[PDB]
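Participant: I'd like to ask you about the structure that follows.
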Amino acid sequence: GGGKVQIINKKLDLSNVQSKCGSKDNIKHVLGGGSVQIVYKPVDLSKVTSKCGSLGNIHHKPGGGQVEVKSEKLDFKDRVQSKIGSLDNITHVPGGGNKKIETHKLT
Amino acid sequence: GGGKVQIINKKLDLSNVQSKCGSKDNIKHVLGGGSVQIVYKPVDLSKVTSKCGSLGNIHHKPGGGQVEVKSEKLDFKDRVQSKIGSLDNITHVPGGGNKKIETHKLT
Amino acid sequence: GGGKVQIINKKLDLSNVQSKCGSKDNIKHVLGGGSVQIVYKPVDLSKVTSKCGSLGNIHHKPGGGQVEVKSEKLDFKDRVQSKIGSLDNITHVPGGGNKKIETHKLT
């Protein structure tokens, strides 16, 4: 019907939508924003088997992982100006819905 | 019906949509934004078997991984200006919906 | 019906859409934005077998991987100006919907 003005400003957003879905529909394992996920799952299956013999000393000292994530600066110096004159629904106005705008910006 | 004005400003966004989906439809394993995912899953299956013999010392010291991710600066100095005069739905106006605009910007 | 104005400004975005999909339709393993994914999955299956003999010392010290990702600067100094005069739906106006615009920019 009437006039619309839509301004949308998004930065680091994440949406996940499931509309009118049937069966076993899924949205999994999503990272958005400045997100960080770290999965540290080393598996050690090293085996030492000795049978009917001599074995010396065992020094089982595996290294661990190092993981480093760094983020230094986020700055949102954002402006949204929206200057609208009018959204007027004039209806059934005999004799007139006349507009007069006068502007004098002197400097 | 009436006039529309749509301004959309997106930067680092992530959307995932499933509309009118049937069965076993999926959206998996998505990274957006300035996202970081680190999966550290080393598997060690190194085996030492000795049978009917001599074996010396064992020094099982595998190195670990190093992972480094760095991000230094995000700056959003963004402007959106939207200057609209009018979105007027004049209807059924005998005698007139006359507009007069007068602007005097003197400097 | 009425006039439309659509301005879209996107930078580093990621969309994934599944509309009217049937069965087992999937969107997997997507990276967007300035995203970083690091999968560290070395597999060690090195084996040492000795039978009916002598073996000395074992020094199993494999090196780990090094992974380095660096990003230095993101700057969004972006402008969107949208200057629209009018989106007027005049209808059923006997005698006239006359417009008069007068502009005097003196400097």
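By convention in this document, the chains of the structure tokens carry letters A, B, ... by their order, each chain's residues are numbered from 1, and ligands are numbered from 1 in the order they are shown.
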With only C-alpha atoms as the counted atoms, please give the residues lying no more than 12 Å from residue 83 of chain A, apart from itself and same-chain residues fewer than 3 positions off, as a ChimeraX atom specification.
Facilitator: /A:5,7,80,86-87 /B:80-86 /C:81-85
Participant: Can I get the selection written as a PDB file, in the first residue's frame, with N, CA and C atoms?
Facilitator:
ATOM      1  N   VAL A   5      10.589   2.359   3.179  1.00  0.00           N
ATOM      2  CA  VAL A   5      12.016   2.597   3.112  1.00  0.00           C
ATOM      3  C   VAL A   5      12.679   1.608   4.061  1.00  0.00           C
ATOM      4  N   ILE A   7      16.398   0.263   5.268  1.00  0.00           N
ATOM      5  CA  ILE A   7      17.847   0.306   5.266  1.00  0.00           C
ATOM      6  C   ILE A   7      18.317  -0.806   6.188  1.00  0.00           C
ATOM      7  N   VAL A  80      25.045   5.639   9.648  1.00  0.00           N
ATOM      8  CA  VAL A  80      23.920   5.505   8.748  1.00  0.00           C
ATOM      9  C   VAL A  80      23.068   6.752   8.908  1.00  0.00           C
ATOM     10  N   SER A  86       8.848  12.901   3.467  1.00  0.00           N
ATOM     11  CA  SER A  86       7.489  12.550   3.849  1.00  0.00           C
ATOM     12  C   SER A  86       7.057  11.215   3.255  1.00  0.00           C
ATOM     13  N   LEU A  87       6.147  10.521   3.946  1.00  0.00           N
ATOM     14  CA  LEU A  87       5.513   9.310   3.438  1.00  0.00           C
ATOM     15  C   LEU A  87       4.014   9.419   3.673  1.00  0.00           C
TER      16      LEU A  87
ATOM     17  N   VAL B  80      26.579   5.276   5.100  1.00  0.00           N
ATOM     18  CA  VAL B  80      25.454   5.127   4.202  1.00  0.00           C
ATOM     19  C   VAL B  80      24.589   6.366   4.358  1.00  0.00           C
ATOM     20  N   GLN B  81      24.531   7.202   3.315  1.00  0.00           N
ATOM     21  CA  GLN B  81      23.638   8.349   3.262  1.00  0.00           C
ATOM     22  C   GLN B  81      22.470   7.944   2.372  1.00  0.00           C
ATOM     23  N   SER B  82      21.245   8.194   2.827  1.00  0.00           N
ATOM     24  CA  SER B  82      20.071   8.026   1.999  1.00  0.00           C
ATOM     25  C   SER B  82      19.172   9.244   2.164  1.00  0.00           C
ATOM     26  N   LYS B  83      19.064  10.068   1.117  1.00  0.00           N
ATOM     27  CA  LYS B  83      18.301  11.309   1.167  1.00  0.00           C
ATOM     28  C   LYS B  83      17.116  11.206   0.207  1.00  0.00           C
ATOM     29  N   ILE B  84      15.908  10.982   0.727  1.00  0.00           N
ATOM     30  CA  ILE B  84      14.733  10.818  -0.112  1.00  0.00           C
ATOM     31  C   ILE B  84      13.774  11.987   0.079  1.00  0.00           C
ATOM     32  N   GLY B  85      13.265  12.543  -1.024  1.00  0.00           N
ATOM     33  CA  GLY B  85      12.363  13.680  -0.946  1.00  0.00           C
ATOM     34  C   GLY B  85      10.973  13.301  -0.434  1.00  0.00           C
ATOM     35  N   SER B  86      10.301  12.348  -1.086  1.00  0.00           N
ATOM     36  CA  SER B  86       8.945  11.985  -0.702  1.00  0.00           C
ATOM     37  C   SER B  86       8.527  10.643  -1.289  1.00  0.00           C
TER      38      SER B  86
ATOM     39  N   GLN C  81      26.040   6.808  -1.239  1.00  0.00           N
ATOM     40  CA  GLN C  81      25.135   7.946  -1.295  1.00  0.00           C
ATOM     41  C   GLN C  81      23.970   7.526  -2.182  1.00  0.00           C
ATOM     42  N   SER C  82      22.744   7.765  -1.725  1.00  0.00           N
ATOM     43  CA  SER C  82      21.570   7.582  -2.552  1.00  0.00           C
ATOM     44  C   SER C  82      20.659   8.791  -2.390  1.00  0.00           C
ATOM     45  N   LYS C  83      20.541   9.610  -3.441  1.00  0.00           N
ATOM     46  CA  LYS C  83      19.766  10.843  -3.394  1.00  0.00           C
ATOM     47  C   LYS C  83      18.580  10.725  -4.352  1.00  0.00           C
ATOM     48  N   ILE C  84      17.376  10.490  -3.830  1.00  0.00           N
ATOM     49  CA  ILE C  84      16.202  10.312  -4.666  1.00  0.00           C
ATOM     50  C   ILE C  84      15.232  11.471  -4.478  1.00  0.00           C
ATOM     51  N   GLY C  85      14.714  12.017  -5.583  1.00  0.00           N
ATOM     52  CA  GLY C  85      13.801  13.146  -5.508  1.00  0.00           C
ATOM     53  C   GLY C  85      12.416  12.755  -4.992  1.00  0.00           C
TER      54      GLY C  85
END
Participant: Superimpose chain A on chain C so that the squared distances between all in-order C-alpha pairs are minimised, and send the result as a JSON list (two decimals) with N, CA and C atoms, in the first residue's frame.
Facilitator:
[["chain", "number", "residue", "atom", "x", "y", "z"],
["A", 1, "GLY", "N", 4.01, -2.52, -8.97],
["A", 1, "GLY", "CA", 3.16, -1.31, -8.98],
["A", 1, "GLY", "C", 3.98, -0.03, -8.99],
["A", 2, "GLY", "N", 4.41, 0.41, -7.79],
["A", 2, "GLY", "CA", 5.17, 1.63, -7.62],
["A", 2, "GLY", "C", 6.65, 1.44, -7.94],
["A", 3, "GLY", "N", 7.36, 2.57, -8.07],
["A", 3, "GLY", "CA", 8.77, 2.58, -8.38],
["A", 3, "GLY", "C", 9.60, 1.91, -7.28],
["A", 4, "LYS", "N", 10.67, 1.21, -7.66],
["A", 4, "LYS", "CA", 11.56, 0.59, -6.71],
["A", 4, "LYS", "C", 12.96, 1.13, -6.94],
["A", 5, "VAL", "N", 13.71, 1.29, -5.85],
["A", 5, "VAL", "CA", 15.13, 1.55, -5.92],
["A", 5, "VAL", "C", 15.81, 0.58, -4.97],
["A", 6, "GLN", "N", 16.69, -0.28, -5.48],
["A", 6, "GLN", "CA", 17.39, -1.26, -4.67],
["A", 6, "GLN", "C", 18.88, -1.03, -4.84],
["A", 7, "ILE", "N", 19.56, -0.68, -3.76],
["A", 7, "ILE", "CA", 21.01, -0.60, -3.77],
["A", 7, "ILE", "C", 21.50, -1.70, -2.84],
["A", 8, "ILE", "N", 22.42, -2.54, -3.33],
["A", 8, "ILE", "CA", 22.99, -3.61, -2.54],
["A", 8, "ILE", "C", 24.49, -3.45, -2.59],
["A", 9, "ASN", "N", 25.12, -3.41, -1.42],
["A", 9, "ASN", "CA", 26.56, -3.31, -1.30],
["A", 9, "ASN", "C", 26.98, -4.47, -0.40],
["A", 10, "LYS", "N", 27.74, -5.45, -0.93],
["A", 10, "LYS", "CA", 28.26, -6.56, -0.15],
["A", 10, "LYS", "C", 29.77, -6.58, -0.26],
["A", 11, "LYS", "N", 30.48, -7.02, 0.79],
["A", 11, "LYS", "CA", 31.92, -7.13, 0.70],
["A", 11, "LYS", "C", 32.30, -8.60, 0.73],
["A", 12, "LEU", "N", 32.41, -9.18, 1.93],
["A", 12, "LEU", "CA", 33.08, -10.46, 2.12],
["A", 12, "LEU", "C", 32.06, -11.46, 2.63],
["A", 13, "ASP", "N", 30.99, -11.65, 1.87],
["A", 13, "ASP", "CA", 29.84, -12.35, 2.42],
["A", 13, "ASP", "C", 29.83, -13.77, 1.90],
["A", 14, "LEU", "N", 29.06, -14.63, 2.56],
["A", 14, "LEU", "CA", 28.88, -15.99, 2.13],
["A", 14, "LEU", "C", 27.42, -16.36, 2.35],
["A", 15, "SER", "N", 26.75, -16.78, 1.27],
["A", 15, "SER", "CA", 25.39, -17.26, 1.34],
["A", 15, "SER", "C", 25.36, -18.71, 0.89],
["A", 16, "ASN", "N", 24.50, -19.51, 1.51],
["A", 16, "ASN", "CA", 24.26, -20.87, 1.05],
["A", 16, "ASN", "C", 22.77, -21.09, 1.12],
["A", 17, "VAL", "N", 22.15, -21.44, -0.01],
["A", 17, "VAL", "CA", 20.70, -21.51, -0.08],
["A", 17, "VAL", "C", 20.31, -22.85, -0.67],
["A", 18, "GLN", "N", 19.30, -23.48, -0.08],
["A", 18, "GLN", "CA", 18.70, -24.67, -0.64],
["A", 18, "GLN", "C", 17.20, -24.45, -0.69],
["A", 19, "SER", "N", 16.69, -24.07, -1.87],
["A", 19, "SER", "CA", 15.26, -23.85, -2.07],
["A", 19, "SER", "C", 14.67, -25.05, -2.82],
["A", 20, "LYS", "N", 13.50, -25.52, -2.36],
["A", 20, "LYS", "CA", 12.68, -26.50, -3.07],
["A", 20, "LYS", "C", 13.49, -27.74, -3.42],
["A", 21, "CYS", "N", 14.31, -28.19, -2.47],
["A", 21, "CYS", "CA", 15.23, -29.28, -2.74],
["A", 21, "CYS", "C", 14.52, -30.59, -2.44],
["A", 22, "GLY", "N", 14.97, -31.66, -3.10],
["A", 22, "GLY", "CA", 14.37, -32.97, -2.93],
["A", 22, "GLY", "C", 15.03, -33.71, -1.77],
["A", 23, "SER", "N", 15.94, -34.63, -2.08],
["A", 23, "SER", "CA", 16.41, -35.60, -1.10],
["A", 23, "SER", "C", 17.93, -35.75, -1.16],
["A", 24, "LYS", "N", 18.58, -35.71, 0.01],
["A", 24, "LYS", "CA", 20.02, -35.88, 0.13],
["A", 24, "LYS", "C", 20.77, -34.84, -0.71],
["A", 25, "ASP", "N", 20.26, -33.61, -0.70],
["A", 25, "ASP", "CA", 20.93, -32.52, -1.38],
["A", 25, "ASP", "C", 21.73, -31.79, -0.32],
["A", 26, "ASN", "N", 23.05, -31.63, -0.50],
["A", 26, "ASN", "CA", 23.77, -30.97, 0.57],
["A", 26, "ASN", "C", 24.82, -29.98, 0.10],
["A", 27, "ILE", "N", 25.10, -28.99, 0.96],
["A", 27, "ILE", "CA", 26.13, -27.99, 0.74],
["A", 27, "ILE", "C", 27.14, -28.14, 1.85],
["A", 28, "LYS", "N", 28.35, -28.62, 1.54],
["A", 28, "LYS", "CA", 29.32, -29.01, 2.55],
["A", 28, "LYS", "C", 30.65, -28.31, 2.30],
["A", 29, "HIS", "N", 31.39, -28.07, 3.37],
["A", 29, "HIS", "CA", 32.79, -27.74, 3.27],
["A", 29, "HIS", "C", 32.94, -26.48, 2.43],
["A", 30, "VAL", "N", 32.41, -25.37, 2.94],
["A", 30, "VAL", "CA", 32.47, -24.09, 2.30],
["A", 30, "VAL", "C", 33.24, -23.12, 3.20],
["A", 31, "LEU", "N", 34.28, -22.45, 2.68],
["A", 31, "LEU", "CA", 34.93, -21.34, 3.36],
["A", 31, "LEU", "C", 34.72, -20.04, 2.60],
["A", 32, "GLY", "N", 34.31, -18.98, 3.29],
["A", 32, "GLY", "CA", 34.08, -17.67, 2.72],
["A", 32, "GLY", "C", 34.76, -16.62, 3.58],
["A", 33, "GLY", "N", 34.40, -15.35, 3.42],
["A", 33, "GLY", "CA", 35.06, -14.28, 4.16],
["A", 33, "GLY", "C", 36.57, -14.39, 4.01],
["A", 34, "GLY", "N", 37.30, -13.96, 5.01],
["A", 34, "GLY", "CA", 38.73, -14.21, 5.02],
["A", 34, "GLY", "C", 38.97, -15.33, 6.02],
["A", 35, "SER", "N", 38.39, -16.47, 5.71],
["A", 35, "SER", "CA", 38.34, -17.48, 6.76],
["A", 35, "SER", "C", 39.60, -18.32, 6.65],
["A", 36, "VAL", "N", 39.97, -18.98, 7.72],
["A", 36, "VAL", "CA", 41.14, -19.82, 7.72],
["A", 36, "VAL", "C", 40.72, -21.16, 8.28],
["A", 37, "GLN", "N", 41.01, -22.24, 7.56],
["A", 37, "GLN", "CA", 40.84, -23.57, 8.10],
["A", 37, "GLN", "C", 42.16, -24.31, 8.03],
["A", 38, "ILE", "N", 42.52, -24.97, 9.13],
["A", 38, "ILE", "CA", 43.78, -25.70, 9.19],
["A", 38, "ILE", "C", 43.46, -27.08, 9.73],
["A", 39, "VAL", "N", 43.75, -28.10, 8.94],
["A", 39, "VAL", "CA", 43.51, -29.46, 9.35],
["A", 39, "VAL", "C", 44.86, -30.09, 9.49],
["A", 40, "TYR", "N", 45.24, -30.43, 10.72],
["A", 40, "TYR", "CA", 46.53, -31.02, 11.02],
["A", 40, "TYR", "C", 46.30, -32.48, 11.41],
["A", 41, "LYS", "N", 46.38, -33.42, 10.46],
["A", 41, "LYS", "CA", 46.07, -34.82, 10.72],
["A", 41, "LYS", "C", 47.15, -35.74, 10.20],
["A", 42, "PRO", "N", 48.42, -35.57, 10.60],
["A", 42, "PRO", "CA", 49.44, -36.53, 10.21],
["A", 42, "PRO", "C", 49.16, -37.92, 10.81],
["A", 43, "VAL", "N", 49.49, -38.97, 10.05],
["A", 43, "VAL", "CA", 49.32, -40.34, 10.48],
["A", 43, "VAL", "C", 50.68, -41.02, 10.47],
["A", 44, "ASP", "N", 51.05, -41.65, 11.59],
["A", 44, "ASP", "CA", 52.34, -42.34, 11.70],
["A", 44, "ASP", "C", 52.09, -43.84, 11.87],
["A", 45, "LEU", "N", 52.53, -44.62, 10.88],
["A", 45, "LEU", "CA", 52.37, -46.06, 10.87],
["A", 45, "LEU", "C", 53.73, -46.73, 10.72],
["A", 46, "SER", "N", 54.80, -46.02, 11.08],
["A", 46, "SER", "CA", 56.13, -46.57, 10.91],
["A", 46, "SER", "C", 56.31, -47.73, 11.89],
["A", 47, "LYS", "N", 56.69, -48.92, 11.39],
["A", 47, "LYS", "CA", 56.85, -50.06, 12.28],
["A", 47, "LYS", "C", 58.27, -50.59, 12.21],
["A", 48, "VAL", "N", 58.74, -51.12, 13.35],
["A", 48, "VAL", "CA", 60.04, -51.78, 13.47],
["A", 48, "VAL", "C", 59.81, -53.20, 13.99],
["A", 49, "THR", "N", 60.10, -54.20, 13.16],
["A", 49, "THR", "CA", 59.92, -55.59, 13.49],
["A", 49, "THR", "C", 61.30, -56.24, 13.56],
["A", 50, "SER", "N", 61.56, -56.96, 14.66],
["A", 50, "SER", "CA", 62.75, -57.77, 14.82],
["A", 50, "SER", "C", 62.33, -59.19, 15.22],
["A", 51, "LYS", "N", 62.90, -60.20, 14.55],
["A", 51, "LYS", "CA", 62.63, -61.59, 14.86],
["A", 51, "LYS", "C", 63.94, -62.38, 14.84],
["A", 52, "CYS", "N", 64.22, -63.10, 15.94],
["A", 52, "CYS", "CA", 65.31, -64.06, 16.05],
["A", 52, "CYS", "C", 66.67, -63.41, 15.79],
["A", 53, "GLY", "N", 66.86, -62.19, 16.32],
["A", 53, "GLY", "CA", 68.06, -61.41, 16.04],
["A", 53, "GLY", "C", 68.29, -60.31, 17.07],
["A", 54, "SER", "N", 69.37, -59.54, 16.85],
["A", 54, "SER", "CA", 69.69, -58.40, 17.69],
["A", 54, "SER", "C", 69.33, -57.10, 16.97],
["A", 55, "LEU", "N", 68.75, -56.14, 17.72],
["A", 55, "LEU", "CA", 68.54, -54.79, 17.24],
["A", 55, "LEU", "C", 69.07, -53.80, 18.29],
["A", 56, "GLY", "N", 69.65, -52.68, 17.82],
["A", 56, "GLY", "CA", 70.26, -51.69, 18.69],
["A", 56, "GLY", "C", 69.22, -50.77, 19.35],
["A", 57, "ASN", "N", 69.58, -49.48, 19.49],
["A", 57, "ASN", "CA", 68.69, -48.46, 20.02],
["A", 57, "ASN", "C", 67.78, -47.90, 18.92],
["A", 58, "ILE", "N", 66.65, -47.34, 19.33],
["A", 58, "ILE", "CA", 65.70, -46.73, 18.42],
["A", 58, "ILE", "C", 65.50, -45.29, 18.87],
["A", 59, "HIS", "N", 65.65, -44.34, 17.94],
["A", 59, "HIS", "CA", 65.40, -42.93, 18.19],
["A", 59, "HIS", "C", 64.34, -42.43, 17.22],
["A", 60, "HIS", "N", 63.08, -42.61, 17.60],
["A", 60, "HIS", "CA", 61.98, -42.26, 16.73],
["A", 60, "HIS", "C", 61.53, -40.88, 17.15],
["A", 61, "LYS", "N", 62.08, -39.85, 16.50],
["A", 61, "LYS", "CA", 61.68, -38.48, 16.80],
["A", 61, "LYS", "C", 61.35, -37.74, 15.52],
["A", 62, "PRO", "N", 60.18, -38.02, 14.90],
["A", 62, "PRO", "CA", 59.74, -37.27, 13.74],
["A", 62, "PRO", "C", 59.46, -35.81, 14.08],
["A", 63, "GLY", "N", 59.77, -34.94, 13.11],
["A", 63, "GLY", "CA", 59.45, -33.53, 13.19],
["A", 63, "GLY", "C", 57.94, -33.31, 13.11],
["A", 64, "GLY", "N", 57.47, -32.26, 13.79],
["A", 64, "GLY", "CA", 56.11, -31.80, 13.63],
["A", 64, "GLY", "C", 56.02, -30.76, 12.53],
["A", 65, "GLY", "N", 54.83, -30.60, 11.97],
["A", 65, "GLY", "CA", 54.60, -29.56, 10.99],
["A", 65, "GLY", "C", 54.58, -28.18, 11.62],
["A", 66, "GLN", "N", 54.91, -27.16, 10.83],
["A", 66, "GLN", "CA", 54.66, -25.77, 11.19],
["A", 66, "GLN", "C", 53.70, -25.18, 10.16],
["A", 67, "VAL", "N", 52.64, -24.54, 10.64],
["A", 67, "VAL", "CA", 51.71, -23.87, 9.75],
["A", 67, "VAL", "C", 51.54, -22.45, 10.26],
["A", 68, "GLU", "N", 51.63, -21.49, 9.35],
["A", 68, "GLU", "CA", 51.58, -20.08, 9.69],
["A", 68, "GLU", "C", 50.62, -19.42, 8.72],
["A", 69, "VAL", "N", 49.59, -18.76, 9.23],
["A", 69, "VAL", "CA", 48.75, -17.93, 8.39],
["A", 69, "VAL", "C", 48.73, -16.55, 9.01],
["A", 70, "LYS", "N", 48.90, -15.52, 8.19],
["A", 70, "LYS", "CA", 48.96, -14.14, 8.66],
["A", 70, "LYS", "C", 48.06, -13.28, 7.78],
["A", 71, "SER", "N", 47.29, -12.39, 8.41],
["A", 71, "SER", "CA", 46.54, -11.34, 7.73],
["A", 71, "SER", "C", 46.81, -10.03, 8.46],
["A", 72, "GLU", "N", 47.05, -8.93, 7.72],
["A", 72, "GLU", "CA", 47.63, -7.75, 8.33],
["A", 72, "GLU", "C", 46.62, -6.60, 8.49],
["A", 73, "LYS", "N", 45.73, -6.33, 7.54],
["A", 73, "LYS", "CA", 44.89, -5.14, 7.67],
["A", 73, "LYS", "C", 43.65, -5.24, 6.78],
["A", 74, "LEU", "N", 42.48, -4.98, 7.38],
["A", 74, "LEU", "CA", 41.23, -4.83, 6.66],
["A", 74, "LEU", "C", 40.65, -3.47, 7.01],
["A", 75, "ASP", "N", 40.40, -2.64, 5.98],
["A", 75, "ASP", "CA", 39.91, -1.29, 6.16],
["A", 75, "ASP", "C", 38.72, -1.07, 5.23],
["A", 76, "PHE", "N", 37.56, -0.74, 5.80],
["A", 76, "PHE", "CA", 36.34, -0.50, 5.05],
["A", 76, "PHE", "C", 36.00, 0.98, 5.18],
["A", 77, "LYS", "N", 36.52, 1.80, 4.26],
["A", 77, "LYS", "CA", 36.20, 3.22, 4.18],
["A", 77, "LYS", "C", 35.25, 3.42, 3.00],
["A", 78, "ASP", "N", 34.05, 2.86, 3.14],
["A", 78, "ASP", "CA", 33.13, 2.75, 2.02],
["A", 78, "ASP", "C", 31.99, 3.74, 2.20],
["A", 79, "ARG", "N", 31.55, 4.33, 1.08],
["A", 79, "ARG", "CA", 30.44, 5.27, 1.09],
["A", 79, "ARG", "C", 29.37, 4.75, 0.15],
["A", 80, "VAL", "N", 28.11, 4.91, 0.55],
["A", 80, "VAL", "CA", 26.99, 4.75, -0.35],
["A", 80, "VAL", "C", 26.11, 5.98, -0.19],
["A", 81, "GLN", "N", 26.04, 6.81, -1.24],
["A", 81, "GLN", "CA", 25.14, 7.95, -1.29],
["A", 81, "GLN", "C", 23.97, 7.53, -2.18],
["A", 82, "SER", "N", 22.74, 7.77, -1.73],
["A", 82, "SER", "CA", 21.57, 7.58, -2.55],
["A", 82, "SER", "C", 20.66, 8.79, -2.39],
["A", 83, "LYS", "N", 20.54, 9.61, -3.44],
["A", 83, "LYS", "CA", 19.77, 10.84, -3.39],
["A", 83, "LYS", "C", 18.58, 10.72, -4.35],
["A", 84, "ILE", "N", 17.38, 10.49, -3.83],
["A", 84, "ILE", "CA", 16.20, 10.31, -4.67],
["A", 84, "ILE", "C", 15.23, 11.47, -4.48],
["A", 85, "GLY", "N", 14.71, 12.02, -5.58],
["A", 85, "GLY", "CA", 13.80, 13.15, -5.51],
["A", 85, "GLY", "C", 12.42, 12.75, -4.99],
["A", 86, "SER", "N", 11.75, 11.79, -5.64],
["A", 86, "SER", "CA", 10.40, 11.42, -5.25],
["A", 86, "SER", "C", 9.99, 10.07, -5.83],
["A", 87, "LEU", "N", 9.10, 9.36, -5.13],
["A", 87, "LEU", "CA", 8.49, 8.14, -5.63],
["A", 87, "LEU", "C", 6.99, 8.22, -5.39],
["A", 88, "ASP", "N", 6.34, 9.11, -6.14],
["A", 88, "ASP", "CA", 4.97, 9.51, -5.85],
["A", 88, "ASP", "C", 4.03, 8.80, -6.81],
["A", 89, "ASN", "N", 3.07, 8.05, -6.26],
["A", 89, "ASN", "CA", 2.01, 7.44, -7.02],
["A", 89, "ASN", "C", 0.80, 8.36, -6.95],
["A", 90, "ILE", "N", 0.67, 9.28, -7.93],
["A", 90, "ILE", "CA", -0.52, 10.11, -8.08],
["A", 90, "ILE", "C", -1.54, 9.32, -8.89],
["A", 91, "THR", "N", -2.80, 9.29, -8.42],
["A", 91, "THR", "CA", -3.86, 8.52, -9.06],
["A", 91, "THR", "C", -5.19, 9.24, -8.89],
["A", 92, "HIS", "N", -6.00, 9.28, -9.97],
["A", 92, "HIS", "CA", -7.36, 9.81, -9.92],
["A", 92, "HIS", "C", -7.35, 11.24, -9.38],
["A", 93, "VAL", "N", -6.60, 12.11, -10.06],
["A", 93, "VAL", "CA", -6.43, 13.49, -9.65],
["A", 93, "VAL", "C", -6.85, 14.35, -10.84],
["A", 94, "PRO", "N", -8.16, 14.65, -10.98],
["A", 94, "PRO", "CA", -8.59, 15.68, -11.93],
["A", 94, "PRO", "C", -8.13, 17.05, -11.45],
["A", 95, "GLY", "N", -7.70, 17.90, -12.39],
["A", 95, "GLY", "CA", -7.23, 19.23, -12.08],
["A", 95, "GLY", "C", -5.72, 19.30, -11.83],
["A", 96, "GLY", "N", -5.08, 18.14, -11.63],
["A", 96, "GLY", "CA", -3.65, 17.99, -11.88],
["A", 96, "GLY", "C", -2.84, 17.83, -10.60],
["A", 97, "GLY", "N", -1.84, 16.93, -10.66],
["A", 97, "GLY", "CA", -0.86, 16.78, -9.60],
["A", 97, "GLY", "C", 0.46, 17.40, -10.00],
["A", 98, "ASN", "N", 0.43, 18.71, -10.29],
["A", 98, "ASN", "CA", 1.55, 19.38, -10.93],
["A", 98, "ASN", "C", 2.68, 19.56, -9.92],
["A", 99, "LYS", "N", 3.92, 19.34, -10.38],
["A", 99, "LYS", "CA", 5.10, 19.52, -9.56],
["A", 99, "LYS", "C", 5.89, 20.71, -10.07],
["A", 100, "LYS", "N", 6.41, 21.51, -9.13],
["A", 100, "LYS", "CA", 7.30, 22.60, -9.45],
["A", 100, "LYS", "C", 8.47, 22.55, -8.48],
["A", 101, "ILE", "N", 9.69, 22.40, -9.01],
["A", 101, "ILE", "CA", 10.90, 22.37, -8.20],
["A", 101, "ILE", "C", 11.76, 23.55, -8.63],
["A", 102, "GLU", "N", 12.20, 24.35, -7.64],
["A", 102, "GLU", "CA", 13.06, 25.50, -7.85],
["A", 102, "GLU", "C", 14.26, 25.36, -6.93],
["A", 103, "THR", "N", 15.47, 25.37, -7.49],
["A", 103, "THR", "CA", 16.70, 25.23, -6.73],
["A", 103, "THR", "C", 17.65, 26.36, -7.12],
["A", 104, "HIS", "N", 18.21, 27.03, -6.10],
["A", 104, "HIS", "CA", 19.19, 28.09, -6.29],
["A", 104, "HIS", "C", 20.37, 27.84, -5.35],
["A", 105, "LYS", "N", 21.39, 27.13, -5.86],
["A", 105, "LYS", "CA", 22.62, 26.88, -5.12],
["A", 105, "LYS", "C", 23.66, 27.91, -5.57],
["A", 106, "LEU", "N", 23.79, 29.00, -4.81],
["A", 106, "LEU", "CA", 24.77, 30.05, -5.10],
["A", 106, "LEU", "C", 25.92, 29.95, -4.09],
["A", 107, "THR", "N", 27.16, 29.96, -4.60],
["A", 107, "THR", "CA", 28.35, 29.95, -3.76],
["A", 107, "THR", "C", 29.49, 30.70, -4.48]]
Participant: Using DSSP secondary structure from the backbone, list all strand (DSSP E or B) positions within chain A, as JSON, numbers by chain.
Facilitator: {"A": [4, 5, 6, 7, 8, 9, 10, 14, 15, 16, 17, 18, 19, 23, 26, 27, 28, 29, 30, 31, 36, 37, 38, 39, 40, 43, 44, 47, 48, 49, 50, 51, 54, 55, 58, 59, 60, 66, 67, 68, 69, 70, 71, 74, 75, 76, 79, 80, 81, 82, 83, 84, 91, 99, 100, 101, 102, 103, 104, 105, 106]}
